[PDB]
Amino acid sequence: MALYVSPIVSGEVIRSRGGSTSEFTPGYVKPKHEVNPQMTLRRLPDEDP
Amino acid sequence: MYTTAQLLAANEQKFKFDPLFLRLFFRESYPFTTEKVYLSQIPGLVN
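And the structure:
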C-alpha cells in the first residue's frame with residue numbers, strides 16, 4: 050500500500066510486478082465415417098416406392 | 003548370337019467353346035436396377 054516509512058530511514062524497495070505464462074498446445078478431432086457401397090441396393094426410408 | 007531368325011504367324015490353341023444357348027434361346031438381355039427380379043407367367047386357359 051504505502052504504509053508509513055518515516056523521513057529518517059531509507060525504507061524498503063518494492064518488487065515491481067509481473068510474470069505468468071502457460072501453454073495450451075495440441076487439440077484435435079476427426080470424424081471418419083463410411084459410405085457402405087452395398088447399402089445402396091435396398092430402398093432408403095425416403096424415395097417413395 | 004548371330005542367328006537372324008524371322009518369325010511367321012503363331013498358333014492360337016483355342017481348345018473348344020461353342021455356346022449355342024446364348025445364341026438360340028437367350029437372345030433377349032435386360033439389365034437390373036433393383037434387388038428383386040419378378041417373373042410372371044399368366045395361366046392362359048379359356049373355356
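Listed in order, the protein sequences are those of chains C and G.
For the first sequence, the entry's author numbering gives the first residue as 50, with consecutive numbering after it.
For the second sequence, the entry's author numbering gives the first residue as 3, with consecutive numbering after it.
By construction, the Cβ of each residue, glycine as well, lies at the ideal position given by its N, Cα and C atoms.
Exercise for the section: Please state if the CB of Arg-92 of chain C and the CB of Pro-86 of chain C are separated by a distance shorter than 9 Å. Expected result: no
Exercise for the section: With DSSP as the reference, label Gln-87 of chain C as helix, strand or coil. Expected result: helix
Exercise for the section: Measure the C-alpha to C-alpha separation of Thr-89 of chain C and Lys-18 of chain G and round it to an integer number of angstroms. Expected result: 40 Å
Practice task
Would you kindly work out how many angstroms separate the C-alpha atoms of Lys-38 of chain G and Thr-74 of chain C, rounded to a whole number?
Solution key: 55 Å
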